[PDB]
Structure formats: C-alpha cells, structure tokens
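Results of the structural survey
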Amino acid sequence: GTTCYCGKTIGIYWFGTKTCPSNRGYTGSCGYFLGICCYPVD
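Within each chain the numbering goes from 1 in written sequence order, not necessarily matching the entry, and residues lacking coordinates are not shown. Working from all heavy atoms in the structure, the side-chain values ignore hydrogens and water.

The name that the PDB entry assigns to the protein is Toxin APETx1, with the source organism given as Anthopleura elegantissima. Listed in the archive, the entry goes by the title "Solution structure of APETx1, a specific peptide inhibitor of human Ether-a-go-go-related gene potassium channels from the venom of the sea anemone Anthopleura elegantissima: a new fold for an HERG toxin".

On to the pairing of strand β3 (residues 28-32), then. Paired strands are those between which DSSP finds at least two bridges. The helix count covers DSSP runs of H or I at least four residues long, the strand count covers runs of E at least two residues long, and both are numbered beginning at the N terminus. Two elements, β3 and strand β4 (residues 35-39), share 5 bridges in a ladder whose sense is antiparallel. Across the sheet, residue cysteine 30 finds its bridge partner in β4, namely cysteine 37. Between β3 and β4, which pair antiparallel and follow one another directly, the connecting turn spans 2 residues, one of which, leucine 34, has a positive phi of 60 degrees.

Let us now look at the UniProt feature "disulfide bond" in the protein. Sulfur atoms of two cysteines make up a disulfide when they are within 2.5 Å. UniProt positions are given in the numbering used here, feature names are shortened, and annotations may be inferred rather than shown by experiment. With an S-S distance of 2.0 Å, the disulfide that UniProt assigns to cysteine 4 and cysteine 37 is formed in this structure. Residue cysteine 4 is found in strand β1 (residues 3-6), and its partner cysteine 37 is found in strand β4; the two are separated by 33 residues along the sequence. Burial classification: accessible surface area is computed with a 1.4 Å probe over protein chains only, and a residue below 20% of its type maximum counts as buried, one above 50% as exposed, and the rest as partly exposed. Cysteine 37 gets classed as buried once you look at its relative accessible area, which sits at 1%. Judged by the 2.5 Å criterion, the UniProt-annotated disulfide of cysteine 6 with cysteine 30 is present, its S-S distance being 2.0 Å. Of this pair, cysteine 6 sits in strand β1 while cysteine 30 sits in strand β3, placing them 24 residues apart in sequence. Of the residues examined, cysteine 30 reaches a relative accessible area of 22% and is grouped as partly exposed.

Now for the state of the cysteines. What makes a disulfide is a covalent bond joining the sulfur atoms belonging to two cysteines. Counting across every chain of the model gives 3 disulfides. Disulfide partner of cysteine 4: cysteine 37, at an S-S distance of 2.0 Å. Here the S-S torsion is close to -130 degrees, and the disulfide linking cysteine 4 with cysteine 37 is therefore left-handed. Covalent S-S linkage joins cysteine 20 and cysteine 38, the inter-sulfur distance amounting to 2.0 Å. Between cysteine 20 and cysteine 38 the sulfur-sulfur dihedral comes to about -90 degrees; the bridge is accordingly left-handed. Separated by 18 residues along the polypeptide, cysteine 20 in the loop between β2 (9-15) and β3 and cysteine 38 in strand β4 bring together distant segments of the chain. Shown here for the protein is a disulfide pattern of 1-5, 2-4, 3-6, where each number marks a bonded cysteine counted in sequence order.

Structure below.
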C-alpha cells in the first residue's frame with residue numbers, strides 16, 4: 001500500500017507529484033523516493 005509513516009504520523013505516499021493535494025487537509029510532507037509522503041492521511 002501507499003502508506004508511509006513519518007515518525008509516528010500516518011501519511012500517504014503520492015507517487016507522481018511533489019505537491020500535496022491541498023483539497024484534503026495535510027499538515028506535513030516527507031520527501032520520499034520519487035514521491036511525497038503527505039500526512040496525516042485525511
């Protein structure tokens with residue numbers, strides 16, 4: 001699954017974009033392998 005934990009926060013791994021879709025409610029983002037882990041998973 002595209003689930004990635006940043007520290008202890010459950011984030012979602014977006015493969016294909018560098019921008020967290022600002023239509024969810026993300027607070028933080030981790031630069032992941034060719035993708036971005038945006039948390040929390042909203």
